[PDB]
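Note sheet for the following structure.
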Amino acid sequence: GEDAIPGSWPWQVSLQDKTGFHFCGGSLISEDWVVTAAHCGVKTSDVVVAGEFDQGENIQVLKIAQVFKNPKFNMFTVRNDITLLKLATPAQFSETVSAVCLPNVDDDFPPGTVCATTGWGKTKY
Amino acid sequence: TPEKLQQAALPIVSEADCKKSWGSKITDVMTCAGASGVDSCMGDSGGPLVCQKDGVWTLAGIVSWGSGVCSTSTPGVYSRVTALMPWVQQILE
Amino acid sequence: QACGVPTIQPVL
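Residue numbers (PDB author numbering), protein chains in the order written: chain B, 19 to 74, 78 to 146; chain C, 151 to 243; chain A, -1 to 10.
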């Protein structure tokens, strides 16, 4: 692990609860859509924070309007663990804030291919 | 507590290699990834697992479980996005 | 309006 360059993963967002404590991460797929996990248990009261590097710049605290939790998600098996969040106010896209592409249903990321993961290591489960 | 945004390059691992690590908990809607030693631990719950598909970063997985502690060397389990895209497309339109 | 193409490139 290592420190990312400031504004290098511009789709990376933090999910803070009403109290302002980072509980989960997220990915901007559009100006008003964020994708995250279902086990996070995201609420309408939670907020999405974009343009963040140092958790401790031009950040955007965005409000959540609609929460689309996958209806096939059970906490026992933890299958279909995904949630899509429609933002109330859209994110102002800039140098440090922008979206990530989503793959097709037919696309494949096979074993051995080097991918990247980012965040502040805060796990819910 | 990492104050700054962390990153880590990790490989995808096969279902068979992930199944021997866990067992019946792994299913077709879960992508595994991690050649461990502090790599999958950087991602938050619901964080991105991004892969370069034709010169552009694509969301392959979403952090689900397995990446709880950096000390454990088992593969990290992510939500296979491609398998969940049919559900995703239904609400985005 | 770009997707997966940051204006600041990631250096792993």
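We treat Cβ as the ideally placed atom computed from N, Cα and C, and that holds for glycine.
Worksheet item: What are the residues of the region 172 to 199 of chain C that lie near chain A, defined by any Cβ-Cβ distance shorter than 8 angstroms?
Response: none
Item to complete: Under 7 angstroms between beta-carbons, which chain A residues line up against B/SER45? List them in chain order, please.
Response: Counted from its first residue, the first sequence places residue 45 of chain B at position 27. Correct list: empty, because the minimum Cβ distance to chain A is about 10 angstroms.
Discussion item. Contact criterion: CB-CB distance below 8 angstroms. Does C/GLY205 meet it with respect to chain B?
Written reply: The count along the second sequence starts at 1 and reaches residue 205 of chain C at position 55. So no, C/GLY205 is outside the interface.
Fill in: B/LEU108 at chain C interface by Cβ criterion, 8 angstroms
For the purposes of this step, residue 108 of chain B is identified with residue 87 of the first sequence, where counting begins at 1. By this cut-off, B/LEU108 is not an interface position.
Item to complete: Would you mind stating whether B/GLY25 and C/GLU153 have Cβ atoms separated by less than 8 angstroms?
Response: Translated into positions along the first sequence, residue 25 of chain B becomes position 7. Translated into positions along the second sequence, residue 153 of chain C becomes position 3. The answer is no: Cβ separation not under 8 angstroms.
Fill in: Beta carbon proximity, C/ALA166 to chain A, threshold 8 angstroms
On the second sequence, residue 166 of chain C is found 16 positions in, with the first residue counted as 1. False, the Cβ-Cβ gap to chain A never drops below 8 angstroms.
Worksheet item: Given B/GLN30, which residues of its chain have a CB within under 6 angstroms of its CB, disregarding the five upstream and five downstream residues?
Response: Position 12 of the first sequence, counted from the first residue, corresponds to residue 30 of chain B. Same-chain partners within the cutoff: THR139.
Discussion item. Could you check whether the Cβ of C/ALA159 sits closer than 8 angstroms to any Cβ belonging to chain A?
Written reply: Sequence index remark: in the second sequence, residue 159 of chain C carries index 9 (1-based). True, the Cβ-Cβ gap to chain A drops below 8 angstroms.
Item to complete: Establish whether the CB of residue 197 of chain B and some CB of chain A are separated by less than 8 angstroms.
Response: Nothing can be reported for residue 197 of chain B, as the shown portion of chain B is limited to 19 through 146.
Discussion item. On the CB-based measure, 16 or more other CB atoms within 10 Å of its CB, does residue 107 of chain C come out buried or exposed?
Written reply: Nothing can be reported for residue 107 of chain C, as the shown portion of chain C is limited to 151 through 243.
Worksheet item: Taking C-beta to C-beta, are C/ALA159 and C/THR181 nearer than 8 angstroms?
Response: As a first step, residue 159 of chain C must be located in the second sequence, where it is residue number 9. As a first step, residue 181 of chain C must be located in the second sequence, where it is residue number 31. No. Outside cutoff.
Worksheet item: Going by C-alpha distance, which of B/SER32, B/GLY69, B/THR110 and B/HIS57 is nearest B/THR117?
Response: Reading the first sequence from its first residue, position 96 is the one you call residue 117 of chain B. Of the listed residues, the one whose Cα sits closest to B/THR117 is B/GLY69.
Item to complete: Say whether the region 118 to 131 of chain B touches the region 201 to 216 of chain C, bearing in mind that this needs 3 or more beta-carbon pairs closer than 8 angstroms, one atom from each stretch.
Response: Between the region 118 to 131 of chain B and the region 201 to 216 of chain C, the count of Cβ pairs shorter than 8 angstroms is three or higher; the stretches touch.
Worksheet item: Nearest chain B C-beta to C/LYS170 closer than 8 angstroms, yes or no?
Response: Translated into the one-based positions of the second sequence, residue 170 of chain C becomes position 20. For C/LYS170, no CB of chain B lies under 8 angstroms from its own CB, so it is not counted at the interface with that chain.
Item to complete: Could you tell me whether any Cβ in chain B is nearer than 8 angstroms to the Cβ of C/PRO152?
Response: On the second sequence, position 2 is the one that residue 152 of chain C refers to. So yes, C/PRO152 belongs to the interface.
Worksheet entry | At least 3 beta-carbon pairs within less than 8 angstroms: the region 186 to 195 of chain C vs the region 218 to 233 of chain C | yes
Discussion item. What does DSSP give as the partner residue(s) for C/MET180 in the beta ladder?
Written reply: The count along the second sequence starts at 1 and reaches residue 180 of chain C at position 30. According to DSSP, C/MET180 bridges with C/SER229.
Worksheet item: In terms of residues, what are the limits of the beta strand (DSSP E) holding C/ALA210?
Response: As a position in the second sequence, residue 210 of chain C is number 60, starting the count at 1. Note, C/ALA210: beta strand (DSSP E), 207 to 215.
Worksheet entry | Contacts that C/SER214 makes with chain B (C-beta to C-beta distance below 8 angstroms) | What you label residue 214 of chain C is simply residue 64 of the second sequence in a count that begins at 1. What C/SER214 touches in chain B: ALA55, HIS57, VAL99 and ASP102.
Practice prompt. Run down chain C in chain order and give the residues with a C-beta less than 7 angstroms from the C-beta of B/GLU78.
Written response: Taking the first residue of the first sequence as 1, we reach residue 78 of chain B at position 57. Those do not exist, as B/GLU78 stays about 11 angstroms from chain C at its closest Cβ, beyond 7 angstroms.
Worksheet item: Does any CB atom of chain A fall closer than 8 angstroms to the CB of B/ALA112?
Response: If you number the first sequence from 1, residue 112 of chain B lands on position 91. Judged by the 8 angstroms Cβ criterion, B/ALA112 is not in contact with chain A.
Worksheet item: Thinking C-alpha only, which one of B/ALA137, B/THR104 and B/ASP35 is nearest C/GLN239?
Response: As a first step, residue 239 of chain C is located in the second sequence; it is residue number 89 there, counting from the start. Considering only alpha carbons, the answer is B/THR104.
Practice prompt. Note the first and the last residue of the continuous alpha helix (DSSP H) segment covering C/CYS168.
Written response: In the second sequence, residue 168 of chain C corresponds to position 18, counting from 1. 165 to 171 is the span of the alpha helix (DSSP H), which, as asked, contains C/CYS168.
Discussion item. Using only the alpha-carbon positions, how far apart do A/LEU10 and B/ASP102 sit?
Written reply: In the third sequence, counting from the first residue as 1, residue 10 of chain A sits at position 12. In the first sequence, counting from the first residue as 1, residue 102 of chain B sits at position 81. Cα to Cα, A/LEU10 sits roughly 28 angstroms from B/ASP102.
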